[PDB]
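What follows is a set of notes on a single structure, which appears directly below.
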Amino acid sequence: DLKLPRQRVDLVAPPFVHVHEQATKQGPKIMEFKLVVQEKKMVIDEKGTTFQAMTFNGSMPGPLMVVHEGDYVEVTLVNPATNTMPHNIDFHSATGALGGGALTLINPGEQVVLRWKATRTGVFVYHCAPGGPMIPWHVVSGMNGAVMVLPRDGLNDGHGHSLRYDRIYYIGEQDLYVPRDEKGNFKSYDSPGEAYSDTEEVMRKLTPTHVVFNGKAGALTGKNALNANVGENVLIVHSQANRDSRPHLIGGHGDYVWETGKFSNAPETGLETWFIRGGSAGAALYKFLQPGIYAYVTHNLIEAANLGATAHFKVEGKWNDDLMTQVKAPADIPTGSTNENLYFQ
Amino acid sequence: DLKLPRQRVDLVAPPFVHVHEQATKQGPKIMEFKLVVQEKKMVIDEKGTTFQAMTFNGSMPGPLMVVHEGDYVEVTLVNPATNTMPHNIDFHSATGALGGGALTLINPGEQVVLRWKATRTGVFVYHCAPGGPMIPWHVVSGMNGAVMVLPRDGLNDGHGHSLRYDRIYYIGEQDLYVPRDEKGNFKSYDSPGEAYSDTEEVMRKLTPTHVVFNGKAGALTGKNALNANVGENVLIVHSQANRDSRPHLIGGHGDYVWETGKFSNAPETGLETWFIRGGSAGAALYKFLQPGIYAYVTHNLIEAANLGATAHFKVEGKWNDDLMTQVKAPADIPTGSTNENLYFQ
Amino acid sequence: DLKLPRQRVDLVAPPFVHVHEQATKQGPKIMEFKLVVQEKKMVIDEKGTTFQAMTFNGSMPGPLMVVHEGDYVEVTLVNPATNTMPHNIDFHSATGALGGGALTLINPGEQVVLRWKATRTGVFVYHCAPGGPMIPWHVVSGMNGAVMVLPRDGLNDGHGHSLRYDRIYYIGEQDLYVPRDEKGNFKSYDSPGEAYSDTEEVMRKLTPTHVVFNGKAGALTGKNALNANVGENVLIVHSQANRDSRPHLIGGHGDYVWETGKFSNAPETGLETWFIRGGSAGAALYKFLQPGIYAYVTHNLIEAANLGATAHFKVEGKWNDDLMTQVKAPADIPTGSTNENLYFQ
Ligand SMILES: OC[C@H]1O[C@@](CO)(O[C@H]2O[C@H](CO)[C@@H](O)[C@H](O)[C@H]2O)[C@@H](O)[C@@H]1O
Ligand SMILES: OC[C@H]1O[C@@](CO)(O[C@H]2O[C@H](CO)[C@@H](O)[C@H](O)[C@H]2O)[C@@H](O)[C@@H]1O
Ligand SMILES: OC[C@H]1O[C@@](CO)(O[C@H]2O[C@H](CO)[C@@H](O)[C@H](O)[C@H]2O)[C@@H](O)[C@@H]1O
Ligand SMILES: [Cu+2]
Ligand SMILES: [Cu+2]
Ligand SMILES: [Cu+2]
Ligand SMILES: [Cu+2]
Ligand SMILES: [Cu+2]
Ligand SMILES: [Cu+2]
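Chains as they are written, first to last, in the authors' numbering: chain A, 3 to 347; chain A', 3 to 347; chain A'', 3 to 347. A prime marks a further copy of an entry chain.
Given below as structure tokens:
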């Protein structure tokens, strides 16, 4: 009985995002997406530690889905028989049945089709949630992503002015709980079920062994740094399905930030660091003003530098010496300087 | 010299709330409450682990007190001689004398009467705070609750529209620090003072062993699920006197959320997950749209599923297939499906 | 080519703040500051535990710098040859080059001069960030402070009314990670580099051993309590460069709070407890209404009472019995009282 146009969307691997319109004059459609669960071993850090992961569409995070307010979202969730466990999906964007989880439990070899109406604007987490202790275990094994529900008129500043991004990236942050042996070395397992008991013990102490973006320490540094150009307004969606995070763009700011992630609320302006509550997605716009490398971190710097949670942007353009300049390059402290007389000596 | 009407309030055990008016045309009154401290052993999880608790009025959390802006709140705090320790009370709603703590220290066998003016609207924590290391110990042993100070015109949306709830629940979240023996089993003690040294060691590492609503894992599930009906606007007050929390209604949203908990600030709209800073109370309204079970959690899902922090709502009414529907029930993956060609394989 | 007046500022040790104007009719200037790095052993708790610290200007936190929107800030950073390590500086207030870090790396015996334009209003962290694992290590060793960029018209309430403070304090909160020996005693080291390996192991588990204001447990209690008077509007800037905090004034409120710390956003009103995300500074105004001692804490009360994170204010003035009064002093529970009949027995 739902007589709307159907449009199939092809998802792409994070941190990129499938093509979409920001503002649209199209009416509501049934937007059709497919997510296929893939359990597999994945490399999670720069020393080559492996991990028994569970994913949507083979990535951590799962891909970003983008629709507009009033669309209906029809998701085919597939659990191939190569997998070992039941899975489902819970959309924080959806209303009813545990976000869809109570309508989408599928064994290996099955698929299910869920439709939810996009009545709430913002960025939202989705995640697996099979029941009981399987819920945190599936989520921290990698089974979470996000969906963005745009207003039909695109974003605005909460004061009646349209905002438009030239570029969008989705940063999914994942807390991982990898067992160690008596000698402190990370343990390897041949299957998720073999890893479970030792992993649940780590999970219980609430301290991750790794905190990563796009599934691995160093995933978004090196060759895979995020590109931008001076002058571009970049939307950075950030999600964390299980644990808080405090994003920060080193060298930049959040010009407009929806840290609770919901576009019916005006963004805050000019933030240094924002806060993604575990179980949510938030979003920040920033217009780059200076070229060079930027680091994007969670600003627990121990997690950023030592547990995996740093991404880079490489920004092309011309340097603005009015905003910042090195007035004098490093030089020997003048013989005649008098620092021994400072109040704190 | 304070010549106002006096009204005695009878408190009730959480998660229920004593009867009150939302909007009132009554003038300020002296609202009289009594809290009796009760130290006692309590069961805190589904395996029957016991714990040396300290409570106001025999419950964790202590009961919710509800008054209106400009009332005066006259609290008789009683410390029966069956108790072993001194206690006091600190109202985050009150101004002066450490919230009342510096005026309410009573030994076993004593009582004291404190009056504070309700000059600040919102939901607020109250807790015991005897001095020094006894402050965190009394609080994480259970000695905390909340008080709601309503505007006289009731709640509003921060944009000039009245809000009214059909139902209110108070969810007090408690972080507990239970010692374990060498074998990892929780230890039992015959008194709070006997438990202290081993408990303080657990407290120092800042990681709770249990995170519970209404005093126990499973307290608000099963027979004690919270009731509601499709169409009702439900106010959910959430407090945490010592540690952050990130509430989330699974299958729902926060339609209006005061996460910092103070009604002089407009709520945010349409949240997925909100944030209760340790040492505060916040509040969320939600109008139920779908029947069924909902889980209400902190969205560190490890704490929710594995450390005790899940409540349920059971909502009666008719399902709305426009908001969400199972288009196709679980079925075998079609022989002709072509998932091996997906971009992520 | 930058032809503006230069003004040299002399910094002072926290929690005090160098003199400045709130509102100004002066135009933009080049505000010149000097920060000298000092590595040295410091006492961090009341039992005399010592710690291999690294500081700007010999204090934890580093001093508060105060300028106005549109000023340029010219910082001479000095790394005396008595120090052992390279250092730099990253201003979260600045745009470009990793906040200045990529332009300010100096070896012992060198100094460098950085200029940044104060285009963003608010309170902001600054911290050392030499590269890789040295970034969290330098920061949690003490190398962080804050800078406040005031609007030229001073603060306002976000609703078109000027706010002015009679007194300002800067509370820098520091998470410290001190190794312990097999017996649980804190270890001492003869140099930062000797402390590093054992300290990084503590840092990795993300749980501090101490959480302190102004560099030490008890720094702002006793003789060094913060002074105020009934009626004064006090601005309390709070920073945390690495880890979240939840400030609370016991006995008071935050009348106006910028918890994300940026003055282009309206403050929230009448908070009990606010939230400083790790990697940021926030600010709260409060007009004292009652004399006496107040405790200012992070409201994880375990951190406040047991890990060092309590400050005091001593407020002079006359008590207001309308706001709060002890109606009846502690007395024996009446023989005729009937508490055995209460609902919770
Ligand atoms: O209370 C009526 C009864 O209907 C059930 C049957 O399972 O299902 C309702 O809710 C489902 C979503 O949770 C819908 O898919 C379904 O169509 C609707 O009838 C039970 O939940 C309930 O006991
Ligand atoms: O500074 C005057 C002196 O008065 C004291 C006496 O204890 O008490 C004042 O504050 C109390 C609340 O903390 C009130 O109950 C009391 O009535 C008021 O006089 C001291 O705090 C102070 O040293
Ligand atoms: O892309 C041009 C090239 O210029 C460099 C040279 O180091 O420097 C630019 O950025 C610096 C700040 O990071 C400025 O101090 C400098 O003046 C500006 O020319 C490189 O970053 C870059 O490869
Ligand atoms: Cu799953
Ligand atoms: Cu969820
Ligand atoms: Cu007590
Ligand atoms: Cu308190
Ligand atoms: Cu340094
Ligand atoms: Cu930083």
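By construction, the Cβ of each residue, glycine as well, lies at the ideal position given by its N, Cα and C atoms.
- For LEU303 of chain A'', the enclosing alpha helix (DSSP H) covers residues 303 to 308.
- In the three-state DSSP reduction, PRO194 of chain A' falls in the helix class (H, G or I).
- Annotated three-state conformation of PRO249 of chain A' is strand, per DSSP.
- Taking a C-beta cut-off of 9 Å against chain A, the contacting residues of the region 300 to 312 of chain A' are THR300, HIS301, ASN302, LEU303, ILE304, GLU305, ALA306, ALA307, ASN308 and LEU309, listed in chain order.
- Look at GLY294 of chain A': its C-beta is under 8 Å from a C-beta on chain A.
- Taking the Cα positions, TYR345 of chain A is about 24 Å away from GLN242 of chain A''.
- Here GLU196 of chain A is exposed, its C-beta having fewer than 16 other C-beta atoms within 10 Å.
- Shortest gap from the CB of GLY294 of chain A to any heavy atom of ligand 3: under 7 Å.
- Not one beta carbon of chain A'' lies nearer than 8 Å to the beta carbon of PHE18 of chain A'.
- Here the region 310 to 325 of chain A lies against the region 284 to 295 of chain A, with 3 or more beta-carbon pairs under 8 Å apart.
- Between ligand 2 and the CB of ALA104 of chain A', the shortest heavy atom gap is smaller than 7 Å.
- For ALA230 of chain A'', no CB of chain A' lies under 8 Å from its own CB, so it is not counted at the interface with that chain.
- Setting aside the 5 residues that flank it on each side, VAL115 of chain A'' is surrounded in the same chain by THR78, each with a C-beta closer than 6 Å to its C-beta; the list follows chain order.
- Close partners of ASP92 of chain A' in chain A'' (Cβ separation under 9 Å): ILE252 and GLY253.
- By alpha-carbon distance to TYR298 of chain A, the top candidate from A:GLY220, A:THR123, A:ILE335 and A:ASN231 is A:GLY220.
- Beta-carbon to beta-carbon, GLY124 of chain A and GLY272 of chain A' are separated by about 7 Å, close enough to satisfy the 8 Å threshold.
- At a cut-off of 8 Å between beta-carbon atoms, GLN347 of chain A' makes no contact with chain A''.
- In chain order, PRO332 make up the part of chain A whose C-beta sits under 8 Å from the C-beta of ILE108 of chain A''.
- Per DSSP, reduced to three states, the secondary structure at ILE32 of chain A' is strand.
- The C-beta distance from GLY147 of chain A'' to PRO63 of chain A'' rounds to 5 Å, short enough to fall under 8 Å.
- For a Cβ distance threshold of 8 Å, residue set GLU270, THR271, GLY272, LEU273 and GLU274 of chain A lies close to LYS264 of chain A'', ordered along the chain.
- Comparing alpha carbon positions, the residue from A:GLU23, A:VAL19 and A:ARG8 closest to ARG166 of chain A is A:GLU23.
- Counting only runs that start and end inside the region 91 to 125 of chain A, the beta strand (DSSP E) elements of at least 3 residues fall at 112 to 119.
- Contact check for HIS301 of chain A against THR275 of chain A passes: the beta carbons are separated by less than 8 Å.
- A residue is called buried once 16 or more other Cβ atoms fall within 10 Å of its Cβ, and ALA331 of chain A'', having fewer, is exposed.
- Within the region 123 to 176 of chain A, the beta strand (DSSP E) runs of at least 3 residues that lie entirely inside it are, in chain order, 124 to 129 and 146 to 152.
- Exclusion of the five residues before and after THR337 of chain A'' leaves no residue of its chain whose Cβ lies closer than 8 Å to its Cβ.
- Within a 10 Å sphere around the beta-carbon of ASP177 of chain A'' sit 16 or more other beta-carbons, which makes this residue buried.
- Taking a cut-off of 8 Å for Cβ pairs, the region 186 to 193 of chain A' and the region 129 to 136 of chain A' do not touch, as fewer than three such pairs fall below it.
- When the five nearest sequence neighbours on each side are left out, the beta carbons in the same chain lying within less than 6 Å of the beta carbon of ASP73 of chain A' are those of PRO30, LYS31, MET33 and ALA120, in order along the chain.
- For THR52 of chain A'', no CB of chain A' lies under 8 Å from its own CB, so it is not counted at the interface with that chain.
- As far as DSSP is concerned, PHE18 of chain A' takes part in no beta bridge.
- In this structure, the beta-carbon distance from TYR288 of chain A'' to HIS255 of chain A'' falls below 8 Å.
- Apart from the 5 residues on each side of it in sequence, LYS320 of chain A' sits with its Cβ closer than 8 Å to the Cβ of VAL232 and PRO293 in its chain, given in chain order.
- Rounded to whole angstroms, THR340 of chain A'' and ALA83 of chain A' show a C-alpha spacing of 14 Å.
- Contact annotation: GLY281 of chain A' and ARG245 of chain A'' have beta-carbon atoms that are not nearer than 8 Å.
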